[PDB]
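A short write-up of the structure that comes next.
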Amino acid sequence: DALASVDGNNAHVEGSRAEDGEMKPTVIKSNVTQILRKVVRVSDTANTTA
Amino acid sequence: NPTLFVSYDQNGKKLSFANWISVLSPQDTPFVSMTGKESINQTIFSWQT
């Protein structure tokens with residue numbers, strides 16, 4: 001998905017007091033597959049001509 | 001490439017033709033074909049009775 005933004009200012013006062021990190025882990029993308037057949041149907045009398 | 005097998009699958013047909021001609025009325029004359037012909041070079045022929 002992405003990395004963590006810069007959030008602009010990054011000052012500090014000797015102490016974090018975070019919320020167990022702002023990891024925001026990766027997002028899972030998925031995709032599906034389809035089928036392609038293209039059927040064919042011929043007669044038997046049309047399979048012997050010149 | 002068999003695709004349709006109806007009319008155009010096998011092109012280059014013989015058109016339902018055969019190599020033999022049928023004369024519906026009999027027009028042969030076995031008489032002459034049986035009676036063999038003989039050659040004559042000169043023109044002073046002569047036969048005896």
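To be explicit about the labels: the chains of the structure tokens are called A, B, and onward in the order shown, and within each one the residues are counted from 1, while ligands get numbers from 1 in the order they are shown.
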Neighbours of residue 27 of chain A within 12 Å (only C-alpha atoms; same-chain residues fewer than 6 positions away dropped), as JSON, numbers by chain?
{"A": [1, 2, 3]}
Residues of chain A within 12 Å of chain B, counting only C-alpha atoms, what are they? List them as a list in words.
residues 39, 40, 41, 42, 43, 44, 45, 46, 47, 48, 49 and 50 of chain A
Could you check how far atom CA of residue 5 of chain A sits from atom CA of residue 23 of chain A, in Å to one decimal?
10.8 Å
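Taking atom CA of residue 4 of chain A and atom CA of residue 16 of chain A as the two end points, the separation is 17.3 Å.
Backbone DSSP assigns alpha helix (DSSP H) in chain B to residues 30, 31, 32, 33 and 34 of chain B.
One finds atom CA of residue 36 of chain B at 26.9 Å from atom CA of residue 21 of chain B.
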